[PDB]
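Undergrad: quick one, what's the 3D model for this:
(one chain, ligands or ions: 2)
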Amino acid sequence: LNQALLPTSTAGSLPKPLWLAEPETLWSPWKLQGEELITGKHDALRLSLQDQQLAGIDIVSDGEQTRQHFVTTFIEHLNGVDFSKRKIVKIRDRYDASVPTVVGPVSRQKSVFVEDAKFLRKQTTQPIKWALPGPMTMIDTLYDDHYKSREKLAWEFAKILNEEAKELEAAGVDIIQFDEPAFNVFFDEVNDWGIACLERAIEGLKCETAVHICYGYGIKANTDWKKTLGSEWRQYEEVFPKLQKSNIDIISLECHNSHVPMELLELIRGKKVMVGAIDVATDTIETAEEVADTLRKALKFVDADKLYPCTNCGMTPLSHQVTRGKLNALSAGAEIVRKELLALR
Ligand code: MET
Ligand SMILES: [Zn+2]
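TA: Residues are numbered from 1 along each chain as shown. Ligands and ions are numbered 1, 2, ... in the order given. Here you go, the structure:
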């Protein structure tokens, strides 16, 4: 039996084993190749699942253990993409990254994560949440040397995502999450076509869908950026009204230690809300009570049966020890509030 009230989850990614990849980095090269890597990825999935279960996470992910990066791995499996043709581009309208190049017409040929999801589905009866990159974030994490159009390419990616997502649903995934950190930047594009591309990505799915929009991984570039954002981070106000009208079921957001006004959650009243109650941009471990405090504040704007305690973003850049402490705090804080709501203490 699954957790009916305040079920916990994370944004998706968790640290990989030392023998599989370099610690505490983004885009780590794989330390195994060939059949050893095939086995290692699945063993890492099993170990990550166990870590999530031990920490009391109710809705589990792959720990993103089988991918190098939450955006570029998916892109690299597509036709029309040159994996080893790298360019430095400014991503998120702000900072530089080494990204793959679109060299021709894009298409999905073989499935990407479906065999992984079938494998994970056999390991547990708990709900499974699998993240894919959203169409906008995809076009913002590559160099387009063919379409020469963010919108045209994003449309093609929406179609491809829909194919992958539908097959992940067939594999038994319960929640398909689309990672759209780009939505906290490109407001005009979100309004003109980003929502439409997200709708195309989710068309015909019967499982629950989520969109994740945050202020990024725990890296210096982002913590520096946060220091410039002022007293109120109101980026969500630009996109929440349209997300409210969309067919997305769950909105995953950053909240803990942020300056996002909590009353912005009223704009999505009726949606399920994955409320980030863990700051993945500090190594300081939250107390259970600090997590509980964020969840209590969120209950002013979200019905208890729609509140999904979560992390502000993924944890692949953190150490295993920090991650363990944070996930334990998340589950412990959720339980504090769950017990209050049920008059158990
Ligand atoms: C910068 S958005 C990253 C989201 C991704 N699903 C993760 O958990 O890492
Ligand atoms: Zn994020």
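
Undergrad: interface residues of the chain facing ligand 1?
TA: 11-13, 64, 70, 131, 179, 181, 212, 214, 216-217, 313-314, 316 (Cβ under 6 Å from any ligand atom). All C-beta atoms are positioned from the backbone trio N, CA, C, and that covers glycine.

Undergrad: and if we set it to 8 Å?
TA: With the criterion set to Cβ under 8 Å from any ligand atom, the chain comes near ligand 1 through 10-13, 61, 64, 70, 131, 137, 177, 179, 181, 212, 214, 216-217, 311, 313-316.

Undergrad: which residue sits closest to the residue in the chain positioned nearest to ligand 1, ignoring its sequence neighbours?
TA: Nearest residue of the chain to ligand 1: residue 314, at 2.1 Å (Cβ to the nearest ligand atom). Closest residue in space to residue 314, ignoring its immediate chain neighbours: residue 13 at 3.4 Å, by Cβ to Cβ, 6 or more residues apart in numbering.

Undergrad: tell me the contacts of that neighbour?
TA: 61, 63, 64, 70, 131, 314, 315, 316 (Cβ atoms under 8 Å, 6 or more residues apart in numbering).

Undergrad: surely the last one meets residue 22?
TA: Okay, so that is residue 316. No. Counting by Cβ atoms under 8 Å, residue 316 stays clear of residue 22, with 11.0 Å between them.

Undergrad: compare those two (neighbour count), which wins?
TA: Each of residue 316 and residue 22 had its neighbours counted (other Cβ atoms under 10 Å), and the higher figure belongs to residue 316 (29 against 12).

Undergrad: what separates the more buried one from ligand 2, distance-wise?
TA: Relative to ligand 2, residue 316 is positioned 11 Å away (Cβ to the ion, to the nearest Å).

Undergrad: that residue: what's it in contact with?
TA: 13, 14, 15, 16, 26, 64, 217.

Undergrad: enumerate every residue touching residue 282.
TA: Contacts of residue 282 by Cβ under 8 Å, 6+ apart are 218, 257.

Undergrad: next: residue 272.
TA: Contacts of residue 272 by Cβ under 8 Å, 6+ apart are 208, 210, 249, 250, 251, 306, 307, 308.

Undergrad: just to revisit the earlier point, burial of the residue of the chain closest to ligand 1, as a residue count?
TA: Other residues lying near residue 314 total 26 when counted by other Cβ under 10 Å.
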